[PDB]
$ cat target20.cif   # mmCIF, C-alpha atoms and all ligand atoms
data_model
loop_
_atom_site.label_atom_id
_atom_site.label_comp_id
_atom_site.auth_asym_id
_atom_site.auth_seq_id
_atom_site.Cartn_x
_atom_site.Cartn_y
_atom_site.Cartn_z
CA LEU A 1 -20.57 15.76 -27.71
CA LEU A 2 -22.55 15.52 -30.98
CA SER A 3 -21.59 17.57 -34.04
CA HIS A 4 -23.60 15.80 -36.77
CA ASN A 5 -25.03 12.57 -35.29
CA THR A 6 -21.47 11.57 -34.31
CA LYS A 7 -19.66 11.27 -30.98
CA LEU A 8 -17.12 13.91 -29.94
CA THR A 9 -14.24 13.03 -27.64
CA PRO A 10 -13.57 15.52 -24.82
CA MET A 11 -10.39 16.68 -26.58
CA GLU A 12 -12.29 17.35 -29.82
CA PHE A 13 -15.05 19.15 -27.91
CA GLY A 14 -12.48 21.31 -26.12
CA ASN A 15 -10.68 22.11 -29.37
CA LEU A 16 -13.98 23.10 -31.00
CA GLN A 17 -14.35 25.94 -28.46
CA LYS A 18 -11.07 27.71 -29.25
CA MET A 19 -11.05 31.47 -29.90
CA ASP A 20 -7.49 32.46 -30.73
CA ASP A 21 -5.90 35.88 -30.41
CA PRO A 22 -5.42 37.94 -33.60
CA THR A 23 -1.69 37.11 -33.80
CA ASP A 24 -1.30 34.20 -31.33
CA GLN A 25 -2.19 31.01 -33.21
CA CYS A 26 -1.91 28.72 -30.19
CA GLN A 27 -1.30 25.11 -31.17
CA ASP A 28 -3.88 22.51 -30.20
CA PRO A 29 -2.76 19.97 -27.57
CA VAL A 30 -1.31 16.70 -28.84
CA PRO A 31 -2.93 13.56 -27.38
CA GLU A 32 -0.66 11.53 -25.12
CA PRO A 33 -0.69 7.78 -24.45
CA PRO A 34 -2.13 6.78 -21.07
CA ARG A 35 0.69 6.53 -18.54
CA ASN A 36 -1.04 3.58 -16.79
CA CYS A 37 -0.08 5.36 -13.57
CA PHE A 38 -8.23 1.38 -3.86
CA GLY A 39 -5.85 4.18 -2.89
CA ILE A 40 -5.58 7.39 -0.91
CA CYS A 41 -8.18 9.17 -3.07
CA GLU A 42 -10.65 6.34 -2.49
CA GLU A 43 -10.09 6.39 1.28
CA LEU A 44 -10.43 10.18 1.42
CA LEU A 45 -13.55 10.51 -0.74
CA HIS A 46 -15.33 7.36 0.47
CA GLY A 47 -14.47 8.05 4.12
CA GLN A 48 -16.53 9.69 6.83
CA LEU A 49 -15.29 13.17 5.87
CA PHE A 50 -17.87 13.30 3.05
CA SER A 51 -20.91 11.47 4.43
CA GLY A 52 -23.80 13.82 3.65
CA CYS A 53 -22.14 14.87 0.39
CA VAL A 54 -22.03 11.42 -1.25
CA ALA A 55 -25.82 11.03 -1.21
CA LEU A 56 -26.15 14.33 -3.11
CA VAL A 57 -23.19 14.42 -5.54
CA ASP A 58 -21.71 11.31 -7.13
CA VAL A 59 -18.09 10.62 -6.20
CA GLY A 60 -16.98 8.48 -9.14
CA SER A 61 -16.22 11.37 -11.49
CA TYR A 62 -14.43 13.27 -8.73
CA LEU A 63 -12.63 10.10 -7.63
CA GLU A 64 -11.38 9.62 -11.19
CA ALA A 65 -10.33 13.28 -11.25
CA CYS A 66 -8.48 12.79 -7.95
CA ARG A 67 -6.59 9.85 -9.44
CA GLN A 68 -5.64 11.93 -12.49
CA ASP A 69 -4.52 14.84 -10.29
CA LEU A 70 -2.36 12.44 -8.26
CA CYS A 71 -0.85 10.87 -11.38
CA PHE A 72 0.01 14.26 -12.92
CA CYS A 73 1.59 15.51 -9.67
CA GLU A 74 4.56 17.86 -9.93
CA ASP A 75 5.78 17.45 -6.33
CA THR A 76 6.56 14.35 -4.28
CA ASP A 77 4.04 14.74 -1.43
CA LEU A 78 0.84 12.99 -2.52
CA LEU A 79 -1.23 14.81 0.12
CA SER A 80 -0.79 18.12 -1.74
CA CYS A 81 -2.15 16.99 -5.12
CA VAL A 82 -5.56 15.99 -3.70
CA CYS A 83 -6.44 19.44 -2.32
CA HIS A 84 -7.88 20.77 -5.59
CA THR A 85 -10.25 17.89 -6.32
CA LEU A 86 -11.43 17.65 -2.70
CA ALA A 87 -12.06 21.40 -2.59
CA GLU A 88 -14.01 21.20 -5.85
CA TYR A 89 -16.10 18.31 -4.50
CA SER A 90 -16.82 20.32 -1.35
CA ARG A 91 -17.87 23.26 -3.54
CA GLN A 92 -20.22 21.04 -5.53
CA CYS A 93 -21.64 19.63 -2.29
CA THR A 94 -22.33 23.19 -1.11
CA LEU B 1 5.54 1.16 35.00
CA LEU B 2 5.35 0.67 38.79
CA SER B 3 8.78 0.51 40.43
CA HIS B 4 7.43 0.90 43.98
CA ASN B 5 3.89 2.36 43.92
CA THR B 6 5.25 4.96 41.48
CA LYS B 7 3.87 5.54 37.97
CA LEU B 8 6.88 5.30 35.66
CA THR B 9 7.01 7.23 32.41
CA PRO B 10 8.00 5.45 29.18
CA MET B 11 11.32 7.32 29.27
CA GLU B 12 12.09 6.05 32.78
CA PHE B 13 11.07 2.48 31.92
CA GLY B 14 13.14 2.45 28.73
CA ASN B 15 16.16 3.81 30.59
CA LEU B 16 15.62 1.16 33.28
CA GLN B 17 15.77 -1.53 30.57
CA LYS B 18 19.30 -0.46 29.55
CA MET B 19 22.20 -2.92 29.27
CA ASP B 20 25.38 -1.18 28.16
CA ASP B 21 28.58 -2.46 26.57
CA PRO B 22 31.80 -2.75 28.64
CA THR B 23 33.82 0.07 27.06
CA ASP B 24 30.84 1.91 25.52
CA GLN B 25 29.24 4.30 28.00
CA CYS B 26 25.90 5.61 26.73
CA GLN B 27 24.01 8.80 27.56
CA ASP B 28 20.29 8.48 28.23
CA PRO B 29 18.14 10.39 25.71
CA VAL B 30 17.23 13.93 26.73
CA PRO B 31 13.46 14.40 27.18
CA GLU B 32 12.56 17.05 24.63
CA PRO B 33 9.53 19.35 24.78
CA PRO B 34 6.85 18.74 22.14
CA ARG B 35 7.33 20.43 18.77
CA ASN B 36 3.63 21.44 18.55
CA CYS B 37 2.97 19.63 15.28
CA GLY B 38 -4.46 14.29 9.33
CA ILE B 39 -3.31 11.92 6.60
CA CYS B 40 -3.47 8.81 8.80
CA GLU B 41 -7.08 9.57 9.75
CA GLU B 42 -8.31 8.82 6.23
CA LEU B 43 -6.64 5.43 5.77
CA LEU B 44 -6.76 4.12 9.35
CA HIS B 45 -10.46 4.99 9.78
CA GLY B 46 -11.29 4.19 6.15
CA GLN B 47 -12.76 1.02 4.73
CA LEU B 48 -9.27 -0.08 3.63
CA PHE B 49 -8.56 -1.11 7.24
CA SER B 50 -12.21 -1.63 8.25
CA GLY B 51 -11.90 -5.41 8.60
CA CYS B 52 -9.07 -4.69 11.03
CA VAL B 53 -10.66 -2.06 13.31
CA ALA B 54 -12.89 -4.57 15.11
CA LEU B 55 -9.88 -6.59 16.35
CA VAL B 56 -7.07 -4.08 17.04
CA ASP B 57 -7.77 -0.63 18.45
CA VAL B 58 -6.42 2.14 16.21
CA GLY B 59 -5.99 5.02 18.67
CA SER B 60 -2.48 4.04 19.72
CA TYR B 61 -1.50 3.41 16.10
CA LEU B 62 -3.17 6.67 15.07
CA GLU B 63 -0.96 8.51 17.56
CA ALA B 64 2.06 6.52 16.34
CA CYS B 65 1.31 7.47 12.73
CA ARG B 66 0.96 11.14 13.69
CA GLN B 67 4.31 10.98 15.50
CA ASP B 68 6.00 9.26 12.55
CA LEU B 69 4.60 11.78 10.07
CA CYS B 70 5.67 14.71 12.25
CA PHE B 71 9.09 13.36 13.25
CA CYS B 72 10.42 12.17 9.88
CA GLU B 73 12.99 14.23 8.02
CA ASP B 74 11.69 14.31 4.43
CA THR B 75 8.54 15.76 2.90
CA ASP B 76 7.37 12.41 1.53
CA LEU B 77 4.34 12.72 3.78
CA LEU B 78 2.33 10.20 1.76
CA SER B 79 5.25 7.74 1.81
CA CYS B 80 6.58 8.55 5.31
CA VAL B 81 3.81 6.68 7.16
CA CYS B 82 4.39 3.21 5.68
CA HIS B 83 6.01 1.82 8.84
CA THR B 84 3.05 2.46 11.16
CA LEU B 85 0.57 1.09 8.61
CA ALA B 86 2.71 -2.02 8.13
CA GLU B 87 2.88 -2.53 11.90
CA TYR B 88 -0.90 -2.15 12.20
CA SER B 89 -1.35 -4.71 9.42
CA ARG B 90 1.03 -7.07 11.23
CA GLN B 91 -0.94 -6.69 14.46
CA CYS B 92 -4.18 -7.31 12.56
CA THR B 93 -2.73 -10.52 11.13
CA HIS B 94 -1.61 -11.54 14.63
CA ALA B 95 -5.15 -10.82 15.91
CA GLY B 96 -6.82 -13.27 13.53
CA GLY B 97 -7.90 -10.62 11.04
CA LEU B 98 -7.50 -10.61 7.26
CA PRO B 99 -6.06 -7.27 6.13
CA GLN B 100 -6.50 -6.31 2.49
CA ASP B 101 -3.82 -4.76 0.30
CA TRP B 102 -3.26 -1.05 0.92
CA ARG B 103 0.00 -0.42 -0.95
CA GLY B 104 0.52 0.65 -4.56
CA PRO B 105 3.04 1.71 -7.20
CA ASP B 106 3.14 5.25 -5.76
CA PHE B 107 1.94 4.67 -2.16
CA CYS B 108 4.52 2.66 -0.19
CA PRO B 109 5.67 0.35 -3.01
CA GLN B 110 7.26 -3.04 -2.34
CA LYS B 111 9.54 -4.89 -4.75
CA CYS B 112 9.32 -8.67 -5.08
CA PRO B 113 11.83 -11.00 -6.78
CA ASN B 114 10.98 -12.73 -10.07
CA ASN B 115 7.21 -12.57 -10.82
CA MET B 116 6.05 -12.65 -7.19
CA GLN B 117 3.62 -10.05 -5.86
CA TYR B 118 3.49 -8.37 -2.46
CA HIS B 119 0.39 -9.16 -0.40
CA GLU B 120 -0.79 -8.28 3.10
CA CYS B 121 -2.55 -11.50 4.18
CA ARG B 122 -1.62 -14.84 2.62
CA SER B 123 -0.57 -18.19 4.03
CA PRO B 124 3.17 -18.35 4.88
CA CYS B 125 3.34 -22.00 3.76
CA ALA B 126 4.30 -21.35 0.15
CA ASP B 127 3.57 -24.14 -2.33
CA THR B 128 6.62 -25.39 -4.24
CA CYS B 129 7.21 -28.07 -6.87
CA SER B 130 8.30 -30.53 -4.17
CA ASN B 131 5.42 -29.58 -1.83
CA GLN B 132 2.41 -28.52 -3.90
CA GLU B 133 -0.06 -29.01 -1.01
CA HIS B 134 1.83 -27.03 1.65
CA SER B 135 -0.68 -24.16 1.85
CA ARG B 136 -3.58 -26.55 2.50
CA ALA B 137 -1.65 -27.96 5.49
CA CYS B 138 -0.54 -24.71 7.14
CA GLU B 139 -1.10 -24.02 10.84
CA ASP B 140 0.11 -20.40 11.07
CA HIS B 141 -2.05 -17.38 10.33
CA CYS B 142 -1.72 -15.32 7.16
CA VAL B 143 1.31 -13.05 6.83
CA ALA B 144 2.44 -10.20 4.57
CA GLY B 145 5.19 -10.71 2.02
CA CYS B 146 6.08 -11.79 -1.50
CA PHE B 147 3.92 -14.63 -2.82
CA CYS B 148 3.51 -16.47 -6.10
CA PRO B 149 0.60 -15.52 -8.38
CA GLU B 150 -2.47 -17.70 -8.00
CA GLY B 151 -2.38 -20.84 -10.13
CA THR B 152 1.39 -21.37 -9.88
CA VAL B 153 3.88 -22.75 -7.37
CA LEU B 154 7.42 -21.78 -6.46
CA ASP B 155 10.30 -23.51 -8.26
CA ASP B 156 12.65 -24.79 -5.56
CA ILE B 157 14.53 -27.03 -8.03
CA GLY B 158 15.68 -24.63 -10.74
CA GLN B 159 15.19 -21.41 -8.73
CA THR B 160 13.43 -19.84 -11.72
CA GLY B 161 10.62 -18.06 -9.91
CA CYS B 162 6.99 -19.13 -9.88
CA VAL B 163 6.04 -21.73 -12.50
CA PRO B 164 2.81 -23.60 -13.26
CA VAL B 165 2.35 -27.02 -11.68
CA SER B 166 2.36 -28.75 -15.08
CA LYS B 167 5.88 -27.42 -15.76
CA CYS B 168 7.41 -28.39 -12.41
CA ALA B 169 10.55 -30.52 -12.54
CA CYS B 170 11.17 -33.78 -10.68
CA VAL B 171 14.16 -34.91 -8.61
CA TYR B 172 15.44 -38.49 -8.40
CA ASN B 173 18.71 -39.46 -6.68
CA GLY B 174 19.91 -35.86 -6.59
CA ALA B 175 19.46 -35.23 -10.34
CA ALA B 176 16.78 -32.84 -11.57
CA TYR B 177 14.60 -34.22 -14.35
CA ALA B 178 12.15 -32.55 -16.75
CA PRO B 179 8.38 -32.81 -17.24
CA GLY B 180 8.03 -35.97 -19.30
CA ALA B 181 11.45 -37.41 -18.46
CA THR B 182 11.58 -41.05 -17.39
CA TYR B 183 13.80 -43.32 -15.31
CA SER B 184 13.80 -47.08 -14.87
CA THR B 185 15.07 -49.69 -12.43
CA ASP B 186 15.01 -53.48 -12.61
CA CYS B 187 11.25 -53.59 -11.97
CA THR B 188 9.86 -50.07 -11.99
CA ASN B 189 9.35 -47.44 -14.69
CA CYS B 190 8.65 -43.87 -13.57
CU CU C 1 1.05 -14.39 15.40
#

$ encode --input "target20.cif" --output "structure tokens" --more "lines below"
Ligand SMILES: [Cu+2]
Amino acid sequence: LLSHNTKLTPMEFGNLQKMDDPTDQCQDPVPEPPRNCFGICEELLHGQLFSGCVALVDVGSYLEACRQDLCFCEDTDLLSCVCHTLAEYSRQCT
Amino acid sequence: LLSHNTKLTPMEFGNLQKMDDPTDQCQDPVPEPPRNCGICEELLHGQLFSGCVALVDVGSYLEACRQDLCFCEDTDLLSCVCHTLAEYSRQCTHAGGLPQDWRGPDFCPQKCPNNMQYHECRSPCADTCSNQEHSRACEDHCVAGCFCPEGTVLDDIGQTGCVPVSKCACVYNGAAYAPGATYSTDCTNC
């Protein structure tokens, strides 16, 4: 996150790693305002399902990711947007 | 469930408690075989209801939540279990517990008039402009509903939602006054 003694935002860091195709000049993503969108993610991750995994891998980053995945859901059922983050947390615990 | 030394099923008991209308003959529900169908496990066993587990057992309500999730006709599975959770919160309040808020903008949202907020355990004796000490003299346990934000009281005079105490109006002889307004009699000045 440091280019020359400065601080790089995650979007800038991601844009710095682009390698475009010879003819496909893909446009960089445009930043969006925060949608402002204890919950189901907190109950699931802080519950007894992940008891030996919390002491090894911190939950806060994955909890925040779960909240973002829920907020950017494409379907109505909220139980289907938490599968990806929970699976990733289980992978990291393994 | 014991008619005469006989273990009645819930279906039989419910049918026994029937009282029909004169011209409306009703058919008893047909006992259907199970459909062979765990979201509720996370919230009910989670810390969100922890302060309620010690008072009301959750197994019956866990089964009720499973039945509600399986039996409801839309795939709003996250938002199709609000009724069982609300009932469990009600039972926790009736058991002397203090449930904490479990709802949200996307998870079982509740709409409150004016600037009030929905809460799971607050005193039902709402403080108004006329009675600003009602909550401190309440005998009933905490209930769930729409309540004024902390630091304000309900406006029962102008019906303009929750207002601060310093801006509450006054009533004298059926006429609503304003903060700072005065009236006088022969030998008083209020
Ligand atoms: Cu009660």

$ residues_near_ligand --input "target20.cif" --ligand "ligand CU 1 (chain C)" --cutoff "12 Å" --atoms "all atoms listed in the file" --output "JSON, numbers by chain"
{"B": [89, 90, 91, 92, 93, 94, 95, 96, 97, 124, 139, 140, 141, 142, 143, 144]}

$ residues_around --input "target20.cif" --residues "residue 36 in chain A" --least-positions-apart "3" --cutoff "12 Å" --atoms "only C-alpha atoms" --output "PyMOL selection string"
(chain A and resi 32-33+67-68+71-72) or (chain B and resi 105-106)

$ closest_atom_pairs --input "target20.cif" --of "chain A" --to "chain B" --cutoff "8 Å" --atoms "all atoms listed in the file" --output "JSON lines"
{"residue": "A:37", "atom": "CA", "partner": "B:105", "partner_atom": "CA", "distance": 8.0}
{"residue": "A:38", "atom": "CA", "partner": "B:102", "partner_atom": "CA", "distance": 7.3}
{"residue": "A:39", "atom": "CA", "partner": "B:102", "partner_atom": "CA", "distance": 7.0}
{"residue": "A:40", "atom": "CA", "partner": "B:43", "partner_atom": "CA", "distance": 7.0}
{"residue": "A:43", "atom": "CA", "partner": "B:46", "partner_atom": "CA", "distance": 5.5}
{"residue": "A:44", "atom": "CA", "partner": "B:42", "partner_atom": "CA", "distance": 5.4}
{"residue": "A:46", "atom": "CA", "partner": "B:46", "partner_atom": "CA", "distance": 7.7}
{"residue": "A:47", "atom": "CA", "partner": "B:46", "partner_atom": "CA", "distance": 5.4}
{"residue": "A:48", "atom": "CA", "partner": "B:46", "partner_atom": "CA", "distance": 7.6}
{"residue": "A:76", "atom": "CA", "partner": "B:76", "partner_atom": "CA", "distance": 6.2}
{"residue": "A:77", "atom": "CA", "partner": "B:76", "partner_atom": "CA", "distance": 5.0}
{"residue": "A:78", "atom": "CA", "partner": "B:78", "partner_atom": "CA", "distance": 5.3}
{"residue": "A:79", "atom": "CA", "partner": "B:78", "partner_atom": "CA", "distance": 6.1}

$ residues_around --input "target20.cif" --residues "residue 180 in chain B" --least-positions-apart "3" --cutoff "12 Å" --atoms "all atoms listed in the file" --output "PyMOL selection string"
chain B and resi 166-170+177+183+190

$ atom_distance --input "target20.cif" --atom1 "CA of residue 131 in chain B" --atom2 "CA of residue 185 in chain B"
24.7 Å

$ residues_around --input "target20.cif" --residues "residue 85 in chain A" --least-positions-apart "6" --cutoff "8 Å" --atoms "only C-alpha atoms" --output "list in words"
residues 62, 65, 66 and 69 of chain A

$ atom_distance --input "target20.cif" --atom1 "CA of residue 34 in chain B" --atom2 "CA of residue 14 in chain B"
18.7 Å

$ atom_distance --input "target20.cif" --atom1 "CA of residue 162 in chain B" --atom2 "CA of residue 100 in chain B"
22.3 Å

$ residues_around --input "target20.cif" --residues "residue 145 in chain B" --least-positions-apart "3" --cutoff "9 Å" --atoms "all atoms listed in the file" --output "list in words"
residues 112, 117, 118, 119, 120, 121, 122 and 124 of chain B

$ closest_residue --input "target20.cif" --among "B:129, B:64, B:22, B:6" --to "residue 179 in chain B" --atoms "all atoms listed in the file"
B:129
